[PDB]
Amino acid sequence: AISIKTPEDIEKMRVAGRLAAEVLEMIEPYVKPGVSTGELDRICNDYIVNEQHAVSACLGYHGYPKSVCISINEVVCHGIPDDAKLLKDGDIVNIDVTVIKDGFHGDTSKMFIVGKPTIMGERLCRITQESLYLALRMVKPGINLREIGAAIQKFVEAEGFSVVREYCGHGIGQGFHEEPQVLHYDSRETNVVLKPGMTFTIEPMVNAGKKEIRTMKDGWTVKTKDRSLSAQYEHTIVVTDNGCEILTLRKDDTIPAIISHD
């Protein structure tokens, strides 16, 4: 049930991927102390709809009431935007976007540091991105996804942090969440060999503290059990003949779009 994309399919994901990356690049100037998450959400939505002529995949998904996910500090993921939640100096915030264009999905997220960063915040964001980059560098045909989850874990743990088990990367295409489940840790349950034409996301969530998490009464919001800060980055990629191509690459990414093995 793992869908293999045709080249035409891939051309469309490249567009959707770029659109999604673009929302992230666009929003940056608005991320400042005093802005509410509800306003960031509206700016995004407007852009998506009125400028891009695309659609947010989040709006209505299983009942999701907003256009993007905004997770502050200890919120792990799926934080709900709100007019009352204002950003302060030193906050670390994840903005997660998923756009639909020509029926294809593009899913990506990045951390933003509000005003003057904290040492921990900065550190955690860095290590989290590096862990995603590490995984990307390993992607190529013939390798088992298991090896990827394991390298991520090993890296993160050596850096004194913890990896969230409960949520993971996923296949993506015409469908928002397709097979397979991309675990960010070492698990004997994982046994998936990569092949060209496969499209999925890698989106490790790392905790400054302990790995444990808790779901809010809102049924969306996830927070760390120990209230420590949590960070995440996400990219959508396609497995190529000799490596991978990052479909959601941004101007600020410091990794090449095409990774080649030889």
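Residue numbers run from 1 along the displayed sequence.
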item	value
Stretch with the higher entry mean CA B-factor, where the candidates are 45 to 53 and 58 to 66	58 to 66
Stretch with the greater mean C-alpha B-factor as recorded in the entry, comparing 101 to 109 against 81 to 89	81 to 89
Of the residues 160, 141, 169, 117, the one carrying the largest Cα B-factor as recorded	117
Residue 215 - which third its CA temperature factor falls in, relative to the rest of the chain	highest
B-factor third for the C-alpha atom of residue 232 within its chain	lowest
Third assignment of residue 196 from its chain's C-alpha B-factors	highest
Third of the chain, ranked by Cα B-factor, where residue 222 sits	highest
Where the record places residue 96 (Cα B-factor, split into thirds across the chain)	lowest
